[PDB]
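The structure that follows is given in the form of structure tokens.
Here the chain labels run A, B, C, D and E in written order, and each chain numbers its own residues starting at 1.
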Amino acid sequence: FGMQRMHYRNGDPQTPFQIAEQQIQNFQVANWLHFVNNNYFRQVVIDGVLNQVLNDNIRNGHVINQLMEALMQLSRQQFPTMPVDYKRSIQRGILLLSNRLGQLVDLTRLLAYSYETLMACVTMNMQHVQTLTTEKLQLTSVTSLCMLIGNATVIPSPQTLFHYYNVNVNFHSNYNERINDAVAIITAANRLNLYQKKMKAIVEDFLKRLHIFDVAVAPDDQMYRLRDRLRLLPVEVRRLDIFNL
Amino acid sequence: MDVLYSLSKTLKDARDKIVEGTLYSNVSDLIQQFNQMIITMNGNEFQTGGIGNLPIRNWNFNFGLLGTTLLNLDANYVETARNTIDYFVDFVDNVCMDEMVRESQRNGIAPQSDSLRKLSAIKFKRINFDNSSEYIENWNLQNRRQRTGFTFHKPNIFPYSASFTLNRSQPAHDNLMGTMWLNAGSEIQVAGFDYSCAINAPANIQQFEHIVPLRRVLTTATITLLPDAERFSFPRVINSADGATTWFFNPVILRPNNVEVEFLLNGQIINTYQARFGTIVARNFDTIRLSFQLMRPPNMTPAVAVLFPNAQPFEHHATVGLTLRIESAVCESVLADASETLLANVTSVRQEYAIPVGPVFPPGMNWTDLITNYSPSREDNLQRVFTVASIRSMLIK
Amino acid sequence: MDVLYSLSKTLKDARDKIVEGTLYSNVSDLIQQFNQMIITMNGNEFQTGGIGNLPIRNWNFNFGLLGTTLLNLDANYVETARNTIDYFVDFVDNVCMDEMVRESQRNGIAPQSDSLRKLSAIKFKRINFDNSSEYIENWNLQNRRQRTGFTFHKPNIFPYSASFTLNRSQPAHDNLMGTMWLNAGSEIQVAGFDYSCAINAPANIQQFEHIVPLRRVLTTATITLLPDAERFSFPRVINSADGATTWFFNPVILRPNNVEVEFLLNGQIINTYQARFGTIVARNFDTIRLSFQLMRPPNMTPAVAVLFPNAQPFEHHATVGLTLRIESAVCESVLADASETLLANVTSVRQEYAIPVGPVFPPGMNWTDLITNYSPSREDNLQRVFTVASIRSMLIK
Amino acid sequence: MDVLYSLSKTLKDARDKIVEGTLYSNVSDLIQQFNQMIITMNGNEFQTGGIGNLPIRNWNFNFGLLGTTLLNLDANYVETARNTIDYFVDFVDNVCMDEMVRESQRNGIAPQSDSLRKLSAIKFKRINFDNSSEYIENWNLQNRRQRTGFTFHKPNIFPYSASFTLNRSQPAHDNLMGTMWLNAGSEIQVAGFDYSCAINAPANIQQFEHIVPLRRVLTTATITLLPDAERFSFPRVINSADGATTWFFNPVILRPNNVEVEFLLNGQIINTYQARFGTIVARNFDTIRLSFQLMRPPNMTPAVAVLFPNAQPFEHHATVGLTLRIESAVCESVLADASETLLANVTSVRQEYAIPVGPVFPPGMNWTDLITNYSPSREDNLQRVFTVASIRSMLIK
Amino acid sequence: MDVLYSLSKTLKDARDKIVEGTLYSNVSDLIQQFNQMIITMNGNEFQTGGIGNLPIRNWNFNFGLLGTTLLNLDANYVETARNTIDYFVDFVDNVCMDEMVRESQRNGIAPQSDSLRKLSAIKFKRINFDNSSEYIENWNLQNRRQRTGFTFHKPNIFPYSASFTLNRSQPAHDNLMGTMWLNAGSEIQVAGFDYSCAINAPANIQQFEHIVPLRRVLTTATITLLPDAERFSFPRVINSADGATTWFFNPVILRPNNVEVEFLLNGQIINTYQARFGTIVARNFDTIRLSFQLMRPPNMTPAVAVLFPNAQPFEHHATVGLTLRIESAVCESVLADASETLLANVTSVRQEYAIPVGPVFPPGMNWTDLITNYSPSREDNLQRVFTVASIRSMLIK
């Protein structure tokens, strides 16, 4: 569009696309940028479980049409002052993805459907946090997916869905039962006045029996936070009644 | 008719919903319907007019489908859509007018214009959309031979009738007993007068009755009843019944005695109200019977005693009355009311394009004559033209 | 304006469609539109009020969207949505009031409030939804410079005016001739009186005419015409033209003969009705001419003869009359009528918040003065405030 | 109409810029526009004329694009260009005349000639160019329903009216009080006269008022006010109001005192000027109220005293006059004025081709009648024909 | 000022050239100018108003450049351009009004409003475009010290002044000799009168002189000089010099004798015309000297001889006169005139927003007072406000 390159300042509350959306006067590109900027997960509670839901436009794959409108506009854009061969390469690369409109709509709605179907089998709340360590995603791999996705619909098999659901349910129930064991033991120790009792041992056993944690690595402040939060939970009824006996 | 309504509905929704900036999800279904309409109409040719001064216009349809690949509609999309919508609205308006300006004694409910005849074909049934409007709903019900109902605010149900009946009379018109009345639109104002003030009447009571039959059965009607005919309570000079002479009416208003309003259906009393004024309800009826009495007051102060002597020279004339107004009602057949503009639309189109008087409707669509002789063929033609008028008003403000 | 209407309609549809238990397929597109509204409005600061007693309020937006994969909406969904709906309803209420309380001698159609000026930006166009209401439809059509129309039941087209014109008179006011009239809202009651009862008039006929020029061109109007001015049928004591004294009017009502009503447009007779009472139609007119007569009865019974002498002392004064009511009509300019509450809403907001009288409207939105001097600038401002009033009424009871 | 204006603009630019010797950089964009016009107009068949004596003309376009291979245009290039420019100018001229000689009561603003109707199509939108002239700019603003403004030098806002009003009179016409005026074009000239010189008037002051209601609202008007009416300051013989006889007026001119000039809008005084002559400004008005007084001079030398006796035989008649001239103003609608030639052009075309009297404009484009009854339909048609005349005046000398 | 004019010119060219369908080659350079304007104005905040009733408004600029590539502009491009154009037009309107309603005794030329003071910064110089209009041309020329020039039609150079001088007088005013003139706008009307018709004057000649200075030097002025003063050729009753009494003037017009009109610059006769009427040219002058003579006709017919006696009683008073109108002229300083609306615009804005009387201009921008005491500071402020008014009128109707 002939605009001067953006001098983006890190830590800006707005993202580069959020700036470009209000700095660009072309309707196709600006509308695509607006959708991208305000495209986030929507939180919904379904059957008592928090879910991260997608925008219906991407669930049905319609936003790919706006993406291709923007890409076509860019492809027929003038690109002032850019060397001509590089400009042609860029705009033919744009057309490479633009001419895959139907395939990319199919890819988007396939991805959305498989995400929905596999998310129906999640039992714990899908809490969204920025993790310490991130999974690396290769834009080359994304390109390969976009340029090689075909015409065959692949969906989870019913046995695969039931297996995923059983694994999630087993992990969730084990988590709750180990919480109950830890809370019962901690409460019993405090009620019997075992002052020479290290609740760090109980928390270590809890994390160990969760089976996904390398307990030797958990930081110390987090171990003590876990102890503090376990000390505050009410005891389960059966365990408490046995303790009362 | 249903196809014409669907064209109007689709165009109206196109104008209302295909607006710059709106999400395509708001108009996805509307665009599907619009493209279906374009596909169905493309390649067909129509002719409208040729009657009176209505110009003969030829219509051809070759339009591209509206785009479907867009997240939010923009200026180009709306301009492209409006270019097609304007032509379609013009065509629908001409079809509606050409249908309204035509009538037939037999088969009056069938399409009369060549364009609507053509749209009656099966190839066009794909454009049907949703028949939600009241008039199209009743059109479909009448086509299926079901019960229909139109809701009217002040239905124009009473043929205009301003008259009087003299039960006691003489050439001099100085000792008269009788009734006056005006029935117009939804108001019946009736008065009963006695010049003697029932001096010689049995029990000093004069009975008055007034029967108003309606050409259609009204149901679920709310009526205001008041105890005075305000229109017949001032001095009047009235032409005699045969027009030979004129007589004088100097009323003095007394309260109506033993008021009774009966709403009857096929001669059976359905509702009866005695000495109740204000808002009343008639659930089902085709005739109204208002009965009241002039009772000479038994006790009178000197002024009233002076007013009412017991001898011939009656200078004041005792008068009682009732005023009845149908504020709202429901009727199976289409009537004219004080809130809808369908009668006005039909009459205006006919007058503007100077349509020669046909065989069904009266000259100038005179509603008085229409309701006075609301025969079944007139009912069919009137329902057709009113439905077309509503379809047109859907698009033309 | 379209954006404000879209905000209000989105909130109305949120209140209606989004209910516990409903299928998500019933409300998916509305949920998308609601989320689009939230996205567009988030991060914008608005200010409302600051004129008269209308409080200054600051509006900030940071809300969360709504889920889009449920099967049936539950109580949690509605509870989460209702908070945002309440805040946005309050915002739209205040924006509409701020726009209604403002005028402009020039650029009457343009937004006048700061909030609406901000909403007129292009980033907000993504909230446009659909413009279905009559007022928003006419707003869009007028902006595009297309034929428009508002439908009014009993349009408030005649500024209040009760007066009398004397064509024969003298200081004693004992032998008069002329007309009385009341024009009010949608009704014209005119009476023509002659004290001599056309004793010496040529052919014993006295002609009366009454011309009412409307301030706006009404079209497709249905009228009711009755042969009596009941408002001028009783004895009166009336101040003279200059207020110097009073005169006595003692009417005796005769029928008006040779009644003819002409509805004219720019001096050309569009409709003309001769001796036709009841429901009539006028398709296009800006002037109503009434022409009636008082014919002295050629034959009289003794009472009538006694009350109509040929010498000077005229105890009873012959009177004829016409009552003409416009039940419904169509106007390209916005008017007040008996069914809509837009004038009431604008007046109520201005009165409640003690808005200073501006350079356009009369104080207190006095309809008599406004319709008397209904200039183009006033038409623009009135249409703007009425459109805002209807937008607000979509949400506020 | 924007397309017709763009055709005229590009042809004018070609005539004024495609000159022998001019660099090609001075006509690069113009040649691109000209070739765009040729491409768009190639293969389209138009027809003009048929009304009155305007000949029927058929127009075909099969031209070749102008060359672009010359550094400086030479004689051959200019001749080749002129060959096609002449034909295009002739087509535009005939389209403009055919559009000027037509009118329509309904939708008078819409194109009336077949050629302009066809040019209104979408395919011709490519020939749009720049809309910089005042009339086309106002046309576009009015279509968008934005502000419109025309600046007039001596606007012809007052219909011709030369008359007099007598407030005191008798058959002998020897003791008259009243006011005589001439409103014409942009000048009001009024004079209040009294034959008795306020000998018996209260406080020896006689009041005179003159209200001139304009048919359109003027703004930012520069006006000149002068304290005498030269037109009513010489002896004359005037016909009576009824024309039965003639009466003698022998003015002696005094200074008007308590001069007040009110420029009112909707009956509200917008500007007021008391005892101030020369250049004044009226920012927004639609009525002019001129109030002045004849004050009997309290002190008079014998020569003055002899003029005004206290008895009947008044030989000299005291007169006081005002003269108001609108030098410049701004109006939203179109008016004839002293500098513009549009009214002359339209009238000239109609007279030359003997266009029969249509249903909108008065015969012979009589401006007095047009501005006397300047109805909205006449305003639309007049704006249309004036815009077309301006478009034609940039091609035809 | 130059930057403000550049903004206005850019916006006007954007509104006139950026239209749907136009070739992008027709607007390439204009679009580059538009983008330069947006880039320069982005990130700057402005405030206007705060004087009188002009509302305080704050302006921010965050608009993006126009960069879409196409051959012909479409609806999307026009809409995106129009949003920014609307906002900038509003900003320019308010800045122009804020500058127009302000004054300064010292440094009148310099910007007064804070918005214009900011725009006078160097960082805004990147929006200059072309300064073509007459007023901005003269502004730049004055800044460069080159000679300016404003061409006026009927310049308003004479302050209104109606007066008389009595060179010979008596308390009875029976026998008067003197002059009587009205200078207003562009017209001088002078008349010498002698009641004795120069019976005893030397050579039977009376000489009258009239010297009219000008507050500014006019150049290349075309003037019409006619031999009679219409205004002073009628019977008059005129209050005396001290206002104590009134005297009678009963003129009989004779041809002015030995007419000599001289246009002088610094007391040196620059132009002179003796006994020549019609159109004359004064190339450069600051005062006008009109000399004329009343010569007693050496030969008289009996009627004339009776008209002019040698005794005292003088019933008819010999009068000669001249009229001189400046049709067009050129001045180095700004002036009002009959063809421009700048004075009207400034006065209208000040009146509308109730701007308190400032230290420079007289109350209500009274042109008579302005041109009477046309001080250097007043000239500076007047030129500033007139230039701003021209810039504003480039965008506002």
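Operating definition for what follows: a contact is a pair of C-beta atoms (placed from the backbone, for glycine too) under 8 Å apart; a residue touches a chain by one contact, two chains touch by 3 or more.
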- Under the touch definition above, the chains in contact with both subunit A and subunit D are C, E
- Between C-E and A-C, name the chain pair that shares the greater number of C-beta pairs in contact. A-C
- Write down the chain pair in C-E, C-D or D-E that repeats the interface of B-C; the criterion is over half of the contact pairs matching by residue number. D-E
- dist(centroid_CA(subunit B), centroid_CA(subunit E)) in Å evaluates to 67
- Chain-centre distance (mean CA atoms) for subunit A and subunit C, in whole Å, is 58
- Note on the structure: Between the Cα centroids of subunit A and subunit E the separation in whole angstrom comes to 74
- Query: What is the distance, in whole Å, between the centres of subunit D and subunit E, each centre taken as the mean of its C-alpha atoms?
  - Reply: 23
- Using the touch rule from the top of the page, what residues of subunit B touch 2 or more other chains? 20, 25, 72, 74-75
- Could you check subunit A for residues that touch two or more other chains and list them? 22, 27, 31, 56-57
- Okay, what are all the chain pairs that touch? A-B, A-C, A-E, B-C, B-E, C-D, C-E, D-E
- What does subunit A use to touch subunit C in their complex? 22, 31, 34, 38, 40, 42-46, 51, 53-57, 59, 116
- Mind pulling up the subunit C residues that touch subunit D in the complex? 105-107, 109, 142-145, 147, 217, 266-267, 373, 375-378
- Item | Contacting residues of subunit E [partner subunit D, same complex] | 13, 15-17, 19-23, 25-26, 72, 153-154, 156, 159-160, 162, 171-174, 182, 184-185, 230-231, 234-239, 244-248, 336, 338-341, 343-345, 347-348, 351-352, 365-368, 396-397
- Note on the structure: Listed in rising order, the residues of subunit C that touch subunit B in the complex are 2, 28-29, 32-33, 36, 125-132, 137-138, 140-141, 147-151, 153-154, 219-222, 224, 226-228, 230, 233-234, 251-255, 271, 276-279, 281, 283-284, 297, 299-304, 307, 316, 318, 327-330, 339
- Interfacial residue positions of subunit C with respect to subunit A in the complex: 28, 31-32, 35, 39, 64-70, 76-77, 123, 126
